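Single-structure report; data block below.
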Amino acid sequence: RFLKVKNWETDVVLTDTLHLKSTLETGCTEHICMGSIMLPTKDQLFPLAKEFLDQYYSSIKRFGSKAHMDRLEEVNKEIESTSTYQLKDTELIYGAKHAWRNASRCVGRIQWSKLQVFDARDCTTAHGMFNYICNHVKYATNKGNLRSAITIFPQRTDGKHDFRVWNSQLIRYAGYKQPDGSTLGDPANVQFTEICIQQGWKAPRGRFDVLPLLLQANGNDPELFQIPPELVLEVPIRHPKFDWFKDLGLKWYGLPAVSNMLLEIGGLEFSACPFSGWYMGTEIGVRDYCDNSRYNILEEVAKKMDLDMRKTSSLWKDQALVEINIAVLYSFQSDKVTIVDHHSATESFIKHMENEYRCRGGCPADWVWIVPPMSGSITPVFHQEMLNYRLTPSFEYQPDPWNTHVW
Amino acid sequence: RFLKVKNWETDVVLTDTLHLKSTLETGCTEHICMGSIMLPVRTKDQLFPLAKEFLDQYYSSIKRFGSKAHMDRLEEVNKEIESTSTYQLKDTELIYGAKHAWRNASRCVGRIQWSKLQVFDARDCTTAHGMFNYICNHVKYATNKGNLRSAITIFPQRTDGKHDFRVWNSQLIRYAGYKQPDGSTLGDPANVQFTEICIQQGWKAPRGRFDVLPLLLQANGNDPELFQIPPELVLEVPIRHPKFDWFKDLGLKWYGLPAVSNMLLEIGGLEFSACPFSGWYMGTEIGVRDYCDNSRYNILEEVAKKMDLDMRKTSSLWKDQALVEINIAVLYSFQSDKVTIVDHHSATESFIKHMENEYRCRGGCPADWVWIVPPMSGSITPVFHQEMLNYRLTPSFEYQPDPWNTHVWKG
Ligand code: HEM
Ligand code: HEM
Ligand SMILES: Cc1cc(N)nc2cc(CNCCc3ccc(C#N)cc3)ccc12
Ligand SMILES: Cc1cc(N)nc2cc(CNCCc3ccc(C#N)cc3)ccc12
Ligand SMILES: C[C@H](O)[C@H](O)[C@H]1CNc2nc(N)[nH]c(=O)c2N1
Ligand SMILES: C[C@H](O)[C@H](O)[C@H]1CNc2nc(N)[nH]c(=O)c2N1
Ligand SMILES: [Zn+2]
Numbered sequence: 299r300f301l302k303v304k305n306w307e308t309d310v311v312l313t314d315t316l317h318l319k320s321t322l323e324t325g326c327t328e329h330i331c332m333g334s335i336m337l338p350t351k352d353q354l355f356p357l358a359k360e361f362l363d364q365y366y367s368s369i370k371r372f373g374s375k376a377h378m379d380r381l382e383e384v385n386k387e388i389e390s391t392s393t394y395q396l397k398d399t400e401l402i403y404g405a406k407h408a409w410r411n412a413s414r415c416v417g418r419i420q421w422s423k424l425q426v427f428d429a430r431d432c433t434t435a436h437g438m439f440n441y442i443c444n445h446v447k448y449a450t451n452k453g454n455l456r457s458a459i460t461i462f463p464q465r466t467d468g469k470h471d472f473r474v475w476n477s478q479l480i481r482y483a484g485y486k487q488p489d490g491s492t493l494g495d496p497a498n499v500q501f502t503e504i505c506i507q508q509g510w511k512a513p514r515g516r517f518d519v520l521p522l523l524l525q526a527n528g529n530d531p532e533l534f535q536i537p538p539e540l541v542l543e544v545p546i547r548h549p550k551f552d553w554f555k556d557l558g559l560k561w562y563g564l565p566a567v568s569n570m571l572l573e574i575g576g577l578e579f580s581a582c583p584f585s586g587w588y589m590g591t592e593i594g595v596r597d598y599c600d601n602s603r604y605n606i607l608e609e610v611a612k613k614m615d616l617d618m619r620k621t622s623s624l625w626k627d628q629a630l631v632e633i634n635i636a637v638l639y640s641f642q643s644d645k646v647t648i649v650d651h652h653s654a655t656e657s658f659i660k661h662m663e664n665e666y667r668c669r670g671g672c673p674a675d676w677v678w679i680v681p682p683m684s685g686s687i688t689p690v691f692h693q694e695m696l697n698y699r700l701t702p703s704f705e706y707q708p709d710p711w712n713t714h715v716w
Numbered sequence: 299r300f301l302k303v304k305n306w307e308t309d310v311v312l313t314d315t316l317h318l319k320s321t322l323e324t325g326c327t328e329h330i331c332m333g334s335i336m337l338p348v349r350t351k352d353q354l355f356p357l358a359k360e361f362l363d364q365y366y367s368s369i370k371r372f373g374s375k376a377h378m379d380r381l382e383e384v385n386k387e388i389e390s391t392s393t394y395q396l397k398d399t400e401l402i403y404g405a406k407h408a409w410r411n412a413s414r415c416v417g418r419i420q421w422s423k424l425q426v427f428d429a430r431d432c433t434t435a436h437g438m439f440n441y442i443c444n445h446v447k448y449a450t451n452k453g454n455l456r457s458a459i460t461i462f463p464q465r466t467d468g469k470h471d472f473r474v475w476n477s478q479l480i481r482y483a484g485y486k487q488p489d490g491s492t493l494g495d496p497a498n499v500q501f502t503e504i505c506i507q508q509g510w511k512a513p514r515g516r517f518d519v520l521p522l523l524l525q526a527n528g529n530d531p532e533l534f535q536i537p538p539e540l541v542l543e544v545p546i547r548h549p550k551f552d553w554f555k556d557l558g559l560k561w562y563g564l565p566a567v568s569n570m571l572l573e574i575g576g577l578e579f580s581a582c583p584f585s586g587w588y589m590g591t592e593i594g595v596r597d598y599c600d601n602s603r604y605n606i607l608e609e610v611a612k613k614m615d616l617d618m619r620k621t622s623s624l625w626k627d628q629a630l631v632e633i634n635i636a637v638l639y640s641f642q643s644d645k646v647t648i649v650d651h652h653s654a655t656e657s658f659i660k661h662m663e664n665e666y667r668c669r670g671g672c673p674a675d676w677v678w679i680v681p682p683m684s685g686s687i688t689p690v691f692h693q694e695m696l697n698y699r700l701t702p703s704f705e706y707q708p709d710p711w712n713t714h715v716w717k718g
C-alpha cells in the first residue's frame, strides 16, 4: 500500500503515498497491464466539489476552518439550487495549475506553478473566443521568450451549450491529400483541414499552411478565424554544418498549444481550455519530421548526407535522426525562441520527481510517454521506475466535436 | 471478453482473446499501473491443477486432447504426484514447455525464433562438475563458430528447495568488475559483487577490463564450486568502426554469446532453478546498455572526445551522435567477424510480424512495451507505435533471488 520506486542508475528509492488519493481508473487490472494503450448530476457533483475544496483549503493551511466550512456550505447550497456551481478566481487558478501538476504524461512539469491563467469565463461568442486566443498566443509567444499559459472558456452546462476549439492545436499545418494518392503538408490534419474547407476556408494548398481557428461558443455552430500572421512565430530549420539543409524547405512554429483537451476541476467541465508551454526538441525533430504517418523526411535527409541506405545495419536512419534533431535545436536557439533538448528536460523532470516525492508524497508518471522518442537509455528517466495513476484536477481527452455536433 | 490493440502508424487493429488464459498477476490494479517497475516448497495440494492445465495445453497442441494417451498421462501424473509429491515431465513435454516459456516471455523482442530452440536435458546431472560439462557443451553448440544457435540446458527441478541446482552467474559468459581503493571501478561495474564472491571462493583474478568470469556452480543444494570455461570456447569480438580508425584503440571487445543463467523456468508447476538459455545479441544491448549506460562501461565521453564534438552544451546532442557511431561499430564488428547479431530495426520489424502472426494463430501475443522498444531511436522502430497488452502465461521464465542471499553454507 506504500509503494516504492527505484532508480536503477542511482539506486535512489522513493516512497509513494500520494497514489492512495487516486480516484479515477487506469485501464489496467491484476491480470493485464494496458500501460502502452494510447486511449484507455447534483449527487455526482458535491463529493467532487468537496474533494476539491478540501485539497484547495488544505493547500492554503485553512483546513477545518470557518472559511473552508463556509465555502463548502456556500457551494453545497449553490449545487442544491443551481445544480452546477462556479469557481472563485483563486480556485480556478489552483485547479488549472494542479491539472498540469497531475498530467502524468508531461515531462515539463517542473514548471507547473508558474502558469498564467486567463479567465475567459465571461466569453459569449466565437469572436470573443478569437480575441481571447489572439491575446493568449501573443502573451505566450512573447517575441520568442515563451511563457506557459492557459485560457479557460465557460464551463459545460448541459452539453448542448459547450464551448469548443475544433483545432487540435492553436497553431498547426494543413493536410492536403493529392490526386496522385500522396499527401501534401501534415498528414495528421488531413481530416480537420477538410472540415475547414467544408465550412468555407480557402486553402492555399501549400505544405506549411497555418490552419485557421474553428471556434464554437455556447454550443452554437463553429466559425472560422485566421490568426494574425504577425502573431504566429515560426522558425526556419537550418543545420549548423550542412548548408544544403535549408533547401529541404522545412520550418516549424514556436508555440505548442493544445486546444482539444478537457479540463476538470471539482467536477466542473471545461471543454475549451487551450494551454501552451514550449517545445522539447524531439517533438519536432523526431516525431513531427520523422514519423512515417507525418512529415516522414528521413530518406531525403539520408540521401543528402549520401548514406548507405542499402542495409538497416548501417544505422543511417539513426544518424540522420540525430542530425535533424541537432538542426531543430540549433534553429530555435539561433532565433532566440525558447526550446529544451531531451537531455535537459528529463534531467529537470528527475529533480521534479524528487521534489514531488518529498513535498507531496509522490508524482504520477507515464514512463511510456516521459521517456523521449530517441536516445532513451542515455536520459535519466529511462532508468527511473514510475507509478502511473490518475489525480484530479485533470486534463482529459474528449471526442472530436464533428462527431457530436447537433448542427 | 475481446481486447483491441492499435498500431498508430498503420491503423492495423488486432483482437486479443489469449489474455483470457492468463492466471498469474501483473502488479497493476484498476487504480495503479506498475508497467515500468523492474521487479513487481510447493504442495501436492496446488500442484495437480498446474500439471493438468499444462498437460491439457500440451495435448491440445499435438491434437490429442481428450485422447486415451491424454487421459492415461493425466492419471499417471496424478498418481505420481500423490505418491511422490511431485512428478517428472516426459522429454516431449519438457521440450514443449521450454519453447513455450520463451514464447510467453513478454519482455523478449526475439520471439519470432521461439520454435527453433535446441533443448538440452540435464536432469540426470548430480554434481557441479557434471554441470560444468553440460554448460561447456551448451556454449560450444550454441556458439557454432559464430553461427549462433538458440539453446537451453535444463538441470533437475526443485524438490524441497534445499537441494536446488543453481548457476550463481547471472550470465554464462560475463566480464569481471573490480572496485578500487580510490572508488573507481575496473571492468564491468555491474558484476563487482559477483566478482568479489568468486575471488573469495578462490578465483585468481587477472584484474583486467575484460576478464571472463569463472563459473560458480551449485548442484543438489551443496556449496557452489568454481570452474573456468575453456577460453577456446569463449568467442569474443574486438570492436572497430568502419570509418573511424581510432576506434580500435579504445580497446573494446565483447563476447558473442548472451546466455542468462539466473532465471527460473516453470512448467506445469515444476520449478527449474537452473536452466541457462542463450540466443544471439541485438546490437543495442552492447552498444547502448553495456557500453553507454552511466553505470556500465560508460564510454560516451571518451568516444565523443575522439570525434571532437561540442561537449560543452547538451544541445549539441554530442551524446546522441556518439551513441550512434558506437552502435554502428558493434554491428560492423560482429558482421565482419561473421558472428550472429541483429540490428534494432531488423529485430523490431520481425517482432511486429511475429506479433501479428500470433494474434491470428494464437489469439494474442503478450508484450512489455517498456522492454520491447529499443533503448535508442525508439520511435523510428515500428514497435514504438504499436499498442501492446502485457500479461503472464505459463510455462514461464521467472526471476529468483540471488543464491548468495539464501544459500545455507555447508563449509
Ligand atoms: C513549459 C514547458 C513544457 C514542456 C517542455 C512540455 C513537454 C511535454 C511533452 C514532450 C509532452 C508529450 C507530448 C507529446 O508527445 O505529444 C507533454 C504532454 C503534456 N503536457 Fe506538457 N510541456 C510543457 C508545458 C505544459 C503546460 C503549460 C501544460 C498545461 C498547463 C502541460 C500539460 C500537458 C498534458 C496534459 C500532456 C499530455 C498531452 C496528451 O496526453 O496528449 N504541459 N508535455
Ligand atoms: C535468438 C535471438 C534472441 C534475441 C535477438 C533476443 C532479444 C532479447 C532482448 C534484446 C531482450 C532484452 C534483454 C535486456 O534488455 O536485458 C530479451 C529478453 C528476454 N529474452 Fe530474448 N532474445 C533472443 C533469444 C531468446 C531465447 C532463446 C530465450 C529463451 C529460451 C529468450 C528469452 C528471454 C527472456 C525470458 C527475456 C527477459 C529477460 C528478463 O526479464 O530479465 N530470448 N531478449
Ligand atoms: C503543453 C505542451 C507542451 C509541449 N512542449 N508539447 C505538447 C504536446 C502536446 C501534444 N499531445 C498530443 C498527443 C496525441 C494525442 C492524440 C493523438 C492521436 N491520434 C496523437 C498524439 C500537447 C501539449 C504540449
Ligand atoms: C536470451 C537473451 C538473448 C539476448 N539477445 N539478450 C538477452 C539479454 C538478457 C538480459 N536480461 C537482463 C535483465 C536485467 C535485470 C536486472 C538488472 C539489474 N540490476 C539488469 C538486467 C537475458 C536474455 C537474453
Ligand atoms: C503505442 C504507444 O502507446 C504510442 O506510440 C505512444 C508511445 N509513447 C509516446 N510518447 C509521447 N511523448 N508521445 C506519444 O504520442 C507517444 N505515443
Ligand atoms: C525503470 C525501467 O523499467 C528500467 O530502466 C527498464 C526499462 N526498459 C528496459 N528495457 C530493456 N530491454 N532492458 C532493460 O533493462 C530495461 N530497463
Ligand atoms: Zn499497467
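From first to last, the protein sequence lines are chains A and B.
When the letters of the first sequence are read in order and numbered with PDB author numbering, they come out as residues 299 to 338, 350 to 716.
When the letters of the second sequence are read in order and numbered with PDB author numbering, they come out as residues 299 to 338, 348 to 718.
C-beta atoms are modelled at their ideal positions from N, C-alpha and C, and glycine is treated no differently.
Determine the direct distance from the alpha carbon of B/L624 to that of B/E656, and round the result to whole angstroms. 27 Å
Cα-Cα separation between A/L533 and A/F517, rounded to whole angstroms: 18 Å
Compute the Euclidean distance between the alpha carbons of A/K406 and B/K660, then round it to the nearest angstrom. 44 Å
Leaving out the 5 sequence neighbours to the left and right, which residues in its chain are closer than 6 Å to A/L354 when beta-carbon positions are compared? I388 and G576
Would A/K626 pass as a contact of B/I687 if the rule is Cβ separation under 8 Å? Result yes, Cβ atoms of A/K626 and B/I687 sit closer than 8 Å.
Residue nearest to A/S568 in terms of C-alpha spacing, selected from A/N454, A/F372, A/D615 and A/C582: A/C582
Cβ of A/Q693 versus every heavy atom of ligand 1: is any distance shorter than 7 Å? A/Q693 Cβ: outside cutoff for every heavy atom of ligand 1.
How long is the line joining the alpha carbons of A/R456 and A/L424, rounded to whole angstroms? 8 Å
Using DSSP bridges, identify the partner residues of A/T492. A/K486
Just checking, does the region 306 to 315 of chain A make contact with the region 355 to 365 of chain A on the three C-beta pairs under 8 Å criterion? no
First through last residue of the beta strand (DSSP E) which encompasses B/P689: Where B/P689 is concerned, there is no enclosing beta strand (DSSP E), given that its DSSP letter is neither H nor E.
Closest to A/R669 by C-alpha separation, out of A/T434, A/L540, A/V631 and A/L700, would be which residue? A/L700
Going by the DSSP bridge assignment, what does B/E543 pair with across the sheet? DSSP lists B/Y562 as partners of B/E543.
Reducing DSSP to helix, strand and coil, say where B/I402 ends up. helix
May I ask you to check if the CB of B/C415 is nearer than 7 Å to at least one heavy atom of ligand 2? yes
Output, in sequence order along the chain, the residues in the region 532 to 552 of chain B whose CB is closer than 8 Å to any CB in chain A. none
Closer than 5 Å from C-beta to any heavy atom of ligand 7: which residues, in chain order? A/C326, A/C331, A/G333, B/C326, B/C331 and B/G333
Based on Cα-Cα distance, which residue from A/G563, A/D495, A/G325 and A/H651 lies nearest to A/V680? It is A/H651.
Does DSSP put A/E307 in a helix, in a strand, or in coil? coil
Out of curiosity, what's the CA-to-CA distance linking B/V544 and B/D600? 20 Å
Would B/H317 pass as a contact of B/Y698 if the rule is Cβ separation under 8 Å? In this structure, B/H317 lies near B/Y698, with their beta-carbon atoms less than 8 Å apart.
Establish whether the CB of A/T327 and some CB of chain B are separated by less than 8 Å. Judged by the 8 Å Cβ criterion, A/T327 is in contact with chain B.
Length of the line joining the Cα atoms of A/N454 and B/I480: 53 Å
In angstroms, rounded to a whole number, what distance separates the CA positions of A/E539 and A/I635? Going from the Cα of A/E539 to the Cα of A/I635 covers about 27 Å.
Against chain A, which members of the region 494 to 522 of chain B pass a CB distance test of less than 7 Å? none
Check whether chain A comes within 8 Å of B/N712, counting only Cβ atoms and requiring the distance to be less than that. no
Output, in chain order, the set of chain A residues within a Cβ distance shorter than 9 Å of B/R596. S686
Residues that A/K626 contacts on chain B, provided the C-beta gap is smaller than 8 Å: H652, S684 and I687
Smallest Cα separation from B/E400: which of B/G417, B/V426, B/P689 and B/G718? B/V426
Buried or exposed for A/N498, please, with buried defined as at least 16 other CB atoms from any protein chain shown within 10 angstroms of its CB. buried
Can you tell me whether DSSP reads A/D552 as helix, strand or coil? A/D552 falls in the coil class under three-state DSSP.
Identified DSSP bridge partners for B/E532: B/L524
Give me the chain A residues within the contact set of B/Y698, using Cβ-Cβ distance strictly less than 8 Å, ordered along the chain. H329, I330 and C331
Quick check on DSSP: helix, strand or coil for A/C505? Helix at A/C505.
Helix, strand or coil for B/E323? Go by DSSP, reduced to three states. coil
Which residues in chain A have a C-beta closer than 9 Å to the C-beta of B/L638? List them in chain order. Near B/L638 (Cβ distances below 9 Å), the residues of chain A are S622, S623 and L624.
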